*Asks:* 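This is the structure I want to talk about, given as structure tokens.
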Amino acid sequence: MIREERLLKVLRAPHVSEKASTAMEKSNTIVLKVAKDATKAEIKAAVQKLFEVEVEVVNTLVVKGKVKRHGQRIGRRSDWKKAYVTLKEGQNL
Amino acid sequence: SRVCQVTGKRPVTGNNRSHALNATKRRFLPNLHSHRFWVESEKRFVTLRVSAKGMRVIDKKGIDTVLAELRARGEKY
Amino acid sequence: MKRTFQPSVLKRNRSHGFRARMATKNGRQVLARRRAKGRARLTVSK
Amino acid sequence: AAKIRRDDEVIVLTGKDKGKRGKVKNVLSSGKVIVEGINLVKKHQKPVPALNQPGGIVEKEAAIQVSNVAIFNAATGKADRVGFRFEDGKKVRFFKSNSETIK
Amino acid sequence: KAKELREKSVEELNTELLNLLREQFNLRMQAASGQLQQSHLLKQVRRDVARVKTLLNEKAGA
RNA sequence: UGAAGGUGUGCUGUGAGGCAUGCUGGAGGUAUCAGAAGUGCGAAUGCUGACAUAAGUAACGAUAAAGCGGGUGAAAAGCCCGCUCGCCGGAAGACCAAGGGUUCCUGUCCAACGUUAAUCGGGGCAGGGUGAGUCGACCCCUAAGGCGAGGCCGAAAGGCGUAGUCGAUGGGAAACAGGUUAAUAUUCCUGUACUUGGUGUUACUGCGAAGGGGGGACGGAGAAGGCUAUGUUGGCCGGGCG
RNA sequence: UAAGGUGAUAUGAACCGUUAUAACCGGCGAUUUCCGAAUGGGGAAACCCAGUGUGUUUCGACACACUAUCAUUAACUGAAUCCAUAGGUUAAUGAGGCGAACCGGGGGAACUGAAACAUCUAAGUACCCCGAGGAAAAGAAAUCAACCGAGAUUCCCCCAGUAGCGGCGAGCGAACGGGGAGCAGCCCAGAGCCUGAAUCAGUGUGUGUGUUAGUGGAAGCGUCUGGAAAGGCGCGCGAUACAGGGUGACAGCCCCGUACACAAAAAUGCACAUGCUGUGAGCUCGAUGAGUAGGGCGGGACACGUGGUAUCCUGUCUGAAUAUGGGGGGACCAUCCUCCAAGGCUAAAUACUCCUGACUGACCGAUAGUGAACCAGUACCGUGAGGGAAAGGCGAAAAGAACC
Ligand SMILES: [Cu+]
Ligand SMILES: [Cu+]
Ligand SMILES: [K+]
Ligand SMILES: [K+]
Ligand SMILES: [K+]
Ligand SMILES: [K+]
Ligand SMILES: [K+]
Ligand SMILES: [K+]
Ligand SMILES: [K+]
Ligand SMILES: [K+]
Ligand SMILES: [K+]
Ligand SMILES: [K+]
Ligand SMILES: [K+]
Ligand SMILES: [K+]
Ligand SMILES: [K+]
Ligand SMILES: [K+]
Ligand SMILES: [K+]
Ligand SMILES: [K+]
Ligand SMILES: [K+]
Ligand SMILES: [K+]
Ligand SMILES: [K+]
Ligand SMILES: [K+]
Ligand SMILES: [K+]
Ligand SMILES: [K+]
Ligand SMILES: [K+]
Ligand SMILES: [K+]
Ligand SMILES: [K+]
Ligand SMILES: [K+]
Ligand SMILES: [K+]
Ligand SMILES: [K+]
Ligand SMILES: [K+]
Ligand SMILES: [K+]
Ligand SMILES: [K+]
Ligand SMILES: [Mg+2]
Ligand SMILES: [Mg+2]
Ligand SMILES: [Mg+2]
Ligand SMILES: [Mg+2]
Ligand SMILES: [Mg+2]
Ligand SMILES: [Mg+2]
Ligand SMILES: [Mg+2]
Ligand SMILES: [Mg+2]
Ligand SMILES: [Mg+2]
Ligand SMILES: [Mg+2]
Ligand SMILES: [Mg+2]
Ligand SMILES: [Mg+2]
Ligand SMILES: [Mg+2]
Ligand SMILES: [Mg+2]
Ligand SMILES: [Mg+2]
Ligand SMILES: [Mg+2]
Ligand SMILES: [Mg+2]
Ligand SMILES: [Mg+2]
Ligand SMILES: [Mg+2]
Ligand SMILES: [Mg+2]
Ligand SMILES: [Mg+2]
Ligand SMILES: [Mg+2]
Ligand SMILES: [Mg+2]
Ligand SMILES: [Mg+2]
Ligand SMILES: [Mg+2]
Ligand SMILES: [Mg+2]
Ligand SMILES: [Mg+2]
Ligand SMILES: [Mg+2]
Ligand SMILES: [Mg+2]
Ligand SMILES: [Mg+2]
Ligand SMILES: [Mg+2]
Ligand SMILES: [Mg+2]
Ligand SMILES: [Mg+2]
Ligand SMILES: [Mg+2]
Ligand SMILES: [Mg+2]
Ligand SMILES: [Mg+2]
Ligand SMILES: [Mg+2]
Ligand SMILES: [Mg+2]
Ligand SMILES: [Mg+2]
Ligand SMILES: [Mg+2]
Ligand SMILES: [Mg+2]
Ligand SMILES: [Mg+2]
Ligand SMILES: [Mg+2]
Ligand SMILES: [Mg+2]
Ligand SMILES: [Mg+2]
Ligand SMILES: [Mg+2]
Ligand SMILES: [Mg+2]
Ligand SMILES: [Mg+2]
Ligand SMILES: [Mg+2]
Ligand SMILES: [Mg+2]
Ligand SMILES: [Mg+2]
Ligand SMILES: [Mg+2]
Ligand SMILES: [Mg+2]
Ligand SMILES: [Mg+2]
Ligand SMILES: [Mg+2]
Ligand SMILES: [Mg+2]
Ligand SMILES: [Mg+2]
Ligand SMILES: [Mg+2]
Ligand SMILES: [Mg+2]
Ligand SMILES: [Mg+2]
Ligand SMILES: [Mg+2]
Ligand SMILES: [Mg+2]
Ligand SMILES: [Mg+2]
Ligand SMILES: [Mg+2]
Ligand SMILES: [Mg+2]
Ligand SMILES: [Mg+2]
Ligand SMILES: [Mg+2]
Ligand SMILES: [Mg+2]
Ligand SMILES: [Mg+2]
């Protein structure tokens with residue numbers, strides 16, 4: 001049992017993009033920004049508990065942050081974790 | 001290390017001098033020997049690495065006194 | 001023509017990395033020196 | 001504590017607006033005050049298409065050094081100086097000239 | 001709010017902490033989707049969570 | 001009611017110099033008599049910065065090569081589309097490891113970068129993009145070698161090394177074809193598979209290792225045979241009649 | 001403590017607060033990821049992989065806590081080997097790593113000078129290593145002196161570039177004695193009496209006195225020039241405050257301060273006082289540091305280079321007397337004088353400054369002063385150790401140039 005307090009911290013935001021929208025309307029898969037240290041099992045439990053939908057499978061990847069310039073200053077955005085969450089057929093989010 | 005367990009004698013440095021008095025660094029080493037000492041009060045032999053001077057010290061003072069000194073100093077044997 | 005720098009990350013880390021520096025007293029004195037100088041990058045360790 | 005506070009009526013001691021009176025609208029941590037209608041400047045405001053675009057020459061108050069204004073003593077009709085004292089266990093300001101408690 | 005929280009028991013504090021965490025998650029979702037106009041609520045709930053955890057630590061004798 | 005500094009002019013002393021003043025400047029300067037020195041520059045193939053000269057000279061980086069029509073645009077030899085021409089093709093094609101690290105795709109911009117122009121770019125800016133039980137790493141296992149509890153040795157620092165523990169470039173389970181994105185795919189989708197382990201039933205039953213044995217497990221060269229990848233031709237199917 | 005606030009670039013957005021849970025300042029607390037001595041094992045730092053025990057579970061799993069090494073002590077256990085010992089397990093306590101200098105110790109150059117160079121010098125310097133403390137070391141005469149006396153150690157000024165040492169070259173260079181700073185003496189090598197008596201160390205408790213936020217803090221107007229007055233001119237006022245900084249040009253009286261006078265819920269330094277714990281105080285009788293002193297051989301240290309060379313240390317070989325005795329007084333002997341080694345503790349006067357506060361300068365003022373006034377040990381260079389820049393100024397105020 002993953003504690004609800006942990007489940008409430010692992011989902012960070014929906015991910016909005018053309019690929020995400022196509023995933024939702026073609027494969028019943030929603031795309032999320034998730035905490036960097038979240039596992040697939042944690043993501044699955046959090047989606048099921050908080051969004052109240054049944055999940056088929058979770059795929060994950062780590063996005064490396066870009067180096068950016070700002071007023072001659074060089075910086076680097078943080079890496080983050082993206083989750084493609086496939087829902088069971090018939091579920092709607 | 002080349003150190004006497006009884007006296008603490010150890011290598012010291014100094015010079016070799018030639019007839020023209022050229023000095024070249026050298027060491028003086030202790031005359032160390034590993035020796036099995038019969039401890040009557042414990043019915044056994046204890047091996048110590050000791051200088052010949054230390055062997056004379058044991059002759060004079062008795063192996064029991066010397067071993068008590070070693071235990072007091074923390075030197076294991 | 002083949003030049004002198006032929007990079008390998010494994011060799012870089014084994015030769016000059018943080019744990020190699022920590023393995024000897026002379027390497028910990030490199031680190032002490034670079035800290036006293038205030039280097040932003042103490043070692044090659046990436 | 002500050003001798004000049006927001007809502008105070010002050011008179012300008014120095015500058016192009018010497019002798020003018022107004023009400024303190026803003027006290028800035030840099031030691032400056034915005035005083036109603038006093039230190040006016042003409043800003044050439046560019047139009048901003050994001051919100052509405054009233055791009056034009058706008059008259060607006062600019063901050064003035066707080067040591068360049070004085071509290072105005074309405075009883076005497078003159079600039080005054082502020083002192084502090086404790087009455088009923090609370091710190092209050094008073095006019096130096098007539099020793100009367102402010103507000 | 002520390003005074004009013006200090007009157008509650010440990011179980012009430014745990015319930016309040018869980019409620020604050022759910023509120024923080026909902027606020028996070030709204031802010032991410034752009035449906036949140038009162039951004040100050042995020043800091044408010046974060047500091048409330050800190051208050052509750054501090055009081056739980058105080059009551060645990062830590 | 002205009003300091004220092006800058007730039008001119010006049011006067012002045014034997015000189016280093018001094019005085020006055022117009023303009024510029026816009027806040028400092030300092031007599032006298034004493035006091036102290038980072039107190040005076042043309043040279044040191046002196047040091048730093050700035051700027052000349054040669055000179056609008058040499059060169060623009062493989063002699064594989066271009067021509068034209070249309071588009072866009074302020075502008076087109078160089079970008080986009082088309083037709084033609086030429087060049088590589090055991091590569092100048094395709095795909096990895098290593099190394100690099102966003103260079104990838106889309107929109108937008110042309111200051112600087114690009115040895116020319118640039119509407120173009122590996123350039124600027126913004127957004128997007130990397131989906132795995134089976135691929136790889138991690139992991140089990142060791143080689144050379146490293147470290148190394150005790151230990152042995154050494155003025156100190158340290159050196160060597162036992163039990164061990166690390167260390168791949170080597171040994172160790174399992175996924176294929178088709179489809180799909182602007183950009184990922186043996187990872188997503190469709191279809192069809194496979195491997196290892198934990199639990200729980202059923203049936204039968206001697207299980208048990210840090211120990212024993214087997215196996216893993218191994219060279220160079222050479223010679224054939226049997227094959228497949230693959231190609232060629234026929235047949236077949238569709239199209240053609242120049 | 002407060003009428004304002006949510007650090008900077010840096011506007012904006014959404015907000016908080018105005019009489020006291022806004023913000024801000026100080027004391028005490030809470031939280032405090034990962035790497036790093038790094039300590040559960042490993043490792044290419046910031047990662048990979050566990051074991052054990054408590055719980056929890058929706059049977060998928062989850063949370064927490066322990067688990068390094070060495071040293072010492074204790075318990076249990078336990079070989080060859082009968083007693084034992086070695087060995088093994090567990091527990092408690094401690095240690096390790098970092099830091100600019102100063103300090104003690106273990107090792108220890110060369111360039112150079114000698115107008116070459118080897119003795120000698122540079123120099124017990126540089127550097128490497130070990131260890132400590134707020135200081136360290138040293139320290140209560142087996143010391144000097146000179147027949148008179150002094151009286152532990154340390155530091156300063158003389159003595160004196162003297163006496164000496166020295167290929168008597170280059171160079172090296174005291175002491176005695178004198179003036180100062182500071183001053184302090186004790187314990188074991190042992191029993192009896194008398195007893196718990198000084199003295200320190202630790203822990204509470206109070207009183208002062210600081211430190212860590214803070215509070216009050218005097219007195220100026222008119223007029224001229226000017227973009228602006230604090231400047232000119234005129235007339236006033238404060239001063240235990242005319243230190244300093246700011247404000248549109250130069251301000252005792254505009255602002256912040258300054259002299260002066262006050263302030264602490266909480267923590268903490270110091271000095272006293274007073275409790276509790278350990279320690280023993282005084283008298284008598286004793287005892288008085290042996291492989292040591294001394295010697296032979298080889299070195300080293302002493303200003304002193306073996307010299308006629310005392311004295312100190314000891315690698316090697318030896319070896320007393322022990323108070324009726326022994327050490328020293330610069331070869332050595334006699335005499336006399338003086339001290340009592342071979343056990344130990346000890347404040348102050350002394351050394352230094354990574355760091356904190358205040359104040360100061362005939363110190364610098366952007367090629368200067370730190371390498372660095374500025375996002376600098378950065379950019380950049382190098383496999384790496386390491387090397388290492390350039391770059392400050394609109395205005396009083398952004399009023400930073402609407403519109404054509
Ligand atoms: Cu040794
Ligand atoms: Cu340790
Ligand atoms: K190497
Ligand atoms: K002249
Ligand atoms: K002139
Ligand atoms: K001038
Ligand atoms: K002068
Ligand atoms: K020159
Ligand atoms: K030219
Ligand atoms: K030309
Ligand atoms: K080029
Ligand atoms: K061109
Ligand atoms: K582009
Ligand atoms: K090996
Ligand atoms: K090995
Ligand atoms: K199974
Ligand atoms: K063979
Ligand atoms: K055919
Ligand atoms: K034809
Ligand atoms: K660790
Ligand atoms: K020499
Ligand atoms: K010479
Ligand atoms: K020579
Ligand atoms: K000479
Ligand atoms: K001298
Ligand atoms: K005036
Ligand atoms: K003012
Ligand atoms: K002033
Ligand atoms: K001598
Ligand atoms: K001797
Ligand atoms: K005598
Ligand atoms: K430098
Ligand atoms: K510099
Ligand atoms: Mg993956
Ligand atoms: Mg970051
Ligand atoms: Mg020498
Ligand atoms: Mg290679
Ligand atoms: Mg000047
Ligand atoms: Mg000047
Ligand atoms: Mg002069
Ligand atoms: Mg000069
Ligand atoms: Mg010049
Ligand atoms: Mg000259
Ligand atoms: Mg030249
Ligand atoms: Mg040139
Ligand atoms: Mg020519
Ligand atoms: Mg020509
Ligand atoms: Mg040409
Ligand atoms: Mg060429
Ligand atoms: Mg070309
Ligand atoms: Mg064309
Ligand atoms: Mg071309
Ligand atoms: Mg073309
Ligand atoms: Mg880029
Ligand atoms: Mg591209
Ligand atoms: Mg160009
Ligand atoms: Mg152009
Ligand atoms: Mg680009
Ligand atoms: Mg899948
Ligand atoms: Mg595989
Ligand atoms: Mg080893
Ligand atoms: Mg060891
Ligand atoms: Mg292994
Ligand atoms: Mg391999
Ligand atoms: Mg591709
Ligand atoms: Mg086997
Ligand atoms: Mg093999
Ligand atoms: Mg073969
Ligand atoms: Mg075939
Ligand atoms: Mg086939
Ligand atoms: Mg470790
Ligand atoms: Mg631990
Ligand atoms: Mg660990
Ligand atoms: Mg392991
Ligand atoms: Mg037995
Ligand atoms: Mg230490
Ligand atoms: Mg010479
Ligand atoms: Mg000397
Ligand atoms: Mg200390
Ligand atoms: Mg001491
Ligand atoms: Mg001592
Ligand atoms: Mg006498
Ligand atoms: Mg004499
Ligand atoms: Mg005050
Ligand atoms: Mg005042
Ligand atoms: Mg005027
Ligand atoms: Mg005035
Ligand atoms: Mg001015
Ligand atoms: Mg001024
Ligand atoms: Mg004695
Ligand atoms: Mg002797
Ligand atoms: Mg002798
Ligand atoms: Mg001798
Ligand atoms: Mg000698
Ligand atoms: Mg003697
Ligand atoms: Mg004598
Ligand atoms: Mg003498
Ligand atoms: Mg002695
Ligand atoms: Mg001091
Ligand atoms: Mg200081
Ligand atoms: Mg400089
Ligand atoms: Mg300048």
Side-chain angles (χ1 to χ4, degrees), chain A residues 1-3 17-19 22-23 26-27 29 41 59-64 66-67 71 73 82-84, chain B residues 1-2 9-17 20-22 25-31 42-44 52-53 56-57 59-61, chain C residues 4-5 7-10 12-20 22-23 25 30 32-33 36-40 43-45, chain D residues 1-3 5-6 13-16 27 31 39 41-47 55-58 62-70 79 81 83-86 90-91, chain E residues 1-3 37-41 43 50 53-54 57-58 62:
Chain A
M1 219 46 30
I2 306 166
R3 291 177 29 221
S17 75
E18 170 173 306
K19 181 175 190 175
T22 295
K26 246 78 172 283
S27 39
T29 298
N59 291 18
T60 54
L61 60 86
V62 173
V63 185
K64 282 89 210 159
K66 290 178 181 166
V67 170
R73 217 83 74 185
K82 178 193 301 191
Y84 294 89
Chain B
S1 303
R2 295 182 173 105
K9 283 177 172 279
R10 58 187 316 127
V12 298
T13 66
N15 288 319
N16 282 310
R17 289 282 182 158
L21 269 61
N22 313 105
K25 281 287 192 172
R26 66 167 287 178
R27 322 167 87 206
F28 298 86
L29 299 190
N31 185 13
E42 317 187 25
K43 309 255 101 173
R44 77 193 252 253
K53 190 93 168 216
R56 288 177 80 243
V57 169
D59 287 348
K60 178 163 175 170
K61 281 166 118 183
Chain C
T4 58
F5 181 52
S8 161
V9 174
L10 175 60
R12 185 161 188 74
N13 289 341
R14 274 174 188 183
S15 305
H16 322 281
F18 179 83
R19 297 185 52 81
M22 291 297 285
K25 79 95 169 164
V30 168
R33 281 191 308 255
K37 202 178 187 197
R39 293 281 192 178
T43 72
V44 304
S45 297
Chain D
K3 302 193 177 168
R5 320 242 169 108
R6 161 178 31 84
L13 292 180
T14 89
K16 70 175 175 185
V27 175
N39 196 34
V41 304
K42 287 171 210 139
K43 171 88 167 159
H44 306 76
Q45 180 60 228
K46 306 164 179 26
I57 299 180
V58 177
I64 180 172
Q65 293 276 356
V66 72
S67 74
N68 280 7
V69 307
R81 294 193 311 275
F84 299 94
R85 71 186 170 214
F86 288 89
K90 296 223 100 153
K91 184 193 297 191
Chain E
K1 193 124 85 67
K3 272 178 56 283
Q37 273 68 59
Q38 303 186 114
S39 59
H40 75 279
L41 296 177
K43 190 191 289 193
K53 285 199 139 82
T54 298
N57 216 244
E58 271 159 357

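Labels below follow one simple rule: chain letters A, B, ... track the order of the sequence lines, proteins then strands, and each chain is numbered from 1.
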*Asks:* Based on the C1'-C2'-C3'-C4' dihedral, does F:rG198 have a north or a south sugar?
*Replies:* north
*Asks:* Can we call F:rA193 and F:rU134 a base pair, counting Watson-Crick and G-U wobble only and needing both distances under 3.5 Å?
*Replies:* yes
*Asks:* For RNA chain G, which nucleotides open and close the run of contacts to chain C, 5' to 3', at under 4.0 angstrom from a non-hydrogen atom?
*Replies:* G:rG36 to G:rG388
*Asks:* Which pair of non-hydrogen atoms, one from C:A20 and one from C:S15, has the smallest distance, and what is that distance?
*Replies:* CB-O, 4.3 Å
*Asks:* Tell me what D:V27 touches on the nucleic acid: a base, only sugar-phosphate, or nothing, going by heavy atoms under 4.0 Å.
*Replies:* sugar-phosphate
*Asks:* If we call a positive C1'-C2'-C3'-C4' torsion north and a negative one south, what is the sugar of G:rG377?
*Replies:* south
*Asks:* Would you mind telling me which residue lines up with the more 5' stretch of RNA chain F, A:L61 or B:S1, judged by nearest nucleotide?
*Replies:* A:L61
*Asks:* Please figure out whether B:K9 or E:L41 has its closest RNA chain G nucleotide nearer the 5' end.
*Replies:* E:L41
*Asks:* Measuring only the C1' atom in each nucleotide, how far is G:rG387 from G:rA379? A whole number of Å is fine.
*Replies:* 14 Å
*Asks:* Please write out the pairs of protein N or O atoms and N or O atoms of nucleotides 185-190 of chain F separated by less than 3.5 Å, giving the distance to one decimal.
*Replies:*
residue, atom, partner, partner atom, Å
F:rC188, OP1, A:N59, ND2, 3.1

*Asks:* Sugar of G:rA396: specify north or south by the sign of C1'-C2'-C3'-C4'.
*Replies:* north
*Asks:* For the P atoms, the ones on F:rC135 and on F:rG171, what distance do you get once it is rounded to whole angstrom?
*Replies:* 15 Å
*Asks:* What is the nucleic acid contact for A:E18, judged by heavy atoms within less than 4.0 Å: base, sugar-phosphate only, or nothing?
*Replies:* base
*Asks:* What does G:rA348 pair with, Watson-Crick or G-U, if both distances are under 3.5 Å?
*Replies:* none
*Asks:* Would you classify D:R6 as touching base, sugar-phosphate or nothing, given that sugar-phosphate means primed atoms plus P, OP1 and OP2, and contacts are heavy atoms under 4.0 Å?
*Replies:* base
*Asks:* Would you mind classifying the nucleic acid contact of A:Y84 as base, sugar-phosphate or nothing, using non-hydrogen atoms under 4.0 angstrom?
*Replies:* base
*Asks:* According to salt bridge (charged side-chain N to carboxylate O under 4.0 Å, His left out), who are the partners of B:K43, at least two apart in sequence or on a separate chain?
*Replies:* B:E40
*Asks:* For G:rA362, which nucleotide is its Watson-Crick or G-U wobble mate, given both distances must be under 3.5 Å?
*Replies:* none
*Asks:* Between F:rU103 and F:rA74, how far apart are the two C1' atoms, rounded to whole Å?
*Replies:* 32 Å
*Asks:* Between neighbours G:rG43 and G:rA44, do the six-membered base rings sit under 5.5 Å apart with planes under 30 degrees?
*Replies:* no
*Asks:* Between G:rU121 and G:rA174, how far is it from one P atom to the other, in whole Å?
*Replies:* 15 Å
*Asks:* Report major or minor: the groove whose paired-base atoms sit under 5.0 Å from any side-chain heavy atom of A:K66.
*Replies:* major
*Asks:* G:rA389 and G:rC375: how far apart are their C1' atoms, nearest whole angstrom?
*Replies:* 16 Å
*Asks:* Under 4.0 Å between any heavy atoms, over every strand shown, what does B:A52 touch: base, sugar-phosphate, or nothing? Just pick one.
*Replies:* sugar-phosphate
*Asks:* For C:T43, report the nucleic acid contact type (base, sugar-phosphate, nothing); a contact means any heavy atom under 4.0 Å.
*Replies:* nothing
*Asks:* Work out how far the P atom of G:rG343 is from that of G:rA142, and round it to whole angstrom.
*Replies:* 13 Å
*Asks:* Applying the Watson-Crick and G-U wobble criteria at under 3.5 Å, what pairs with G:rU268? Answer none if nothing qualifies.
*Replies:* G:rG210
*Asks:* North or south sugar at F:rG42, going by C1'-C2'-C3'-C4' (positive north, negative south)?
*Replies:* south
*Asks:* Applying side-chain hydrogen bond (donor to acceptor under 3.5 Å, both in side chains), can you list everything that pairs with C:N13, at least two apart in sequence or on another chain?
*Replies:* none
*Asks:* Over all strands shown, is D:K91 touching base, sugar-phosphate only, or nothing at heavy-atom distances under 4.0 angstrom?
*Replies:* sugar-phosphate
*Asks:* Using purine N1 to pyrimidine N3 plus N6-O4 or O6-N4 for Watson-Crick, or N1-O2 and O6-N3 for G-U wobble, both under 3.5 Å, which nucleotide pairs with G:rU203?
*Replies:* G:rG275
*Asks:* Check every strand shown and say whether C:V30 touches a base, only sugar-phosphate, or nothing at a heavy-atom separation below 4.0 Å.
*Replies:* sugar-phosphate
*Asks:* Within the 4.0 Å heavy-atom criterion, would you say B:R17 contacts the bases, only the backbone, or no part of the nucleic acid?
*Replies:* sugar-phosphate
*Asks:* With heavy atoms under 4.0 Å as the rule, sort D:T14 into base, sugar-phosphate or nothing.
*Replies:* sugar-phosphate
*Asks:* Name the nucleic acid region contacted by E:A50, choosing base, sugar-phosphate or nothing; use a 4.0 angstrom heavy-atom cut-off, strictly under.
*Replies:* nothing
*Asks:* Return whichever of B:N15 or C:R19 has its heavy-atom-nearest nucleotide of RNA chain G closer to the 5' end.
*Replies:* C:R19
*Asks:* Reading the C1'-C2'-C3'-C4' torsion of F:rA210, is its sugar north or south?
*Replies:* south
*Asks:* Using atom P of each nucleotide, how far apart are G:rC129 and G:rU314 to the nearest Å?
*Replies:* 29 Å
*Asks:* Can you sort out the partners of E:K53 under side-chain hydrogen bond (donor to acceptor under 3.5 Å, both in side chains), two or more places apart, ordered by chain and number?
*Replies:* none
*Asks:* In terms of the nearest nucleotide of RNA chain F, which residue is placed more toward the 5' end: A:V62 or A:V67?
*Replies:* A:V67
*Asks:* If you measure from the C1' atom in G:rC165 to the same atom in G:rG149, how many Å do you get, rounded?
*Replies:* 32 Å
*Asks:* G:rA191 pairs with which nucleotide, Watson-Crick or G-U wobble, both distances below 3.5 Å?
*Replies:* G:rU284
*Asks:* Could you let me know what G:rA84 is paired to, Watson-Crick or G-U wobble, both distances under 3.5 Å, or none if it's on its own?
*Replies:* none
*Asks:* For C:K37, report the nucleic acid contact type (base, sugar-phosphate, nothing); a contact means any heavy atom under 4.0 Å.
*Replies:* base
*Asks:* For G:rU90, give the paired nucleotide (Watson-Crick: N1-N3 plus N6-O4 or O6-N4; G-U: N1-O2 and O6-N3; both under 3.5 Å), or none.
*Replies:* G:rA74
*Asks:* For G:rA241, give its Watson-Crick or G-U wobble partner with both distances under 3.5 Å, or none.
*Replies:* none
*Asks:* Taking salt bridge (charged side-chain N to carboxylate O under 4.0 Å, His left out) as the test, write out the residues that go with E:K43, two or more places apart.
*Replies:* none
*Asks:* At under 4.0 Å between heavy atoms, what does D:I57 touch on the DNA or RNA strands: base, sugar-phosphate, or nothing?
*Replies:* base
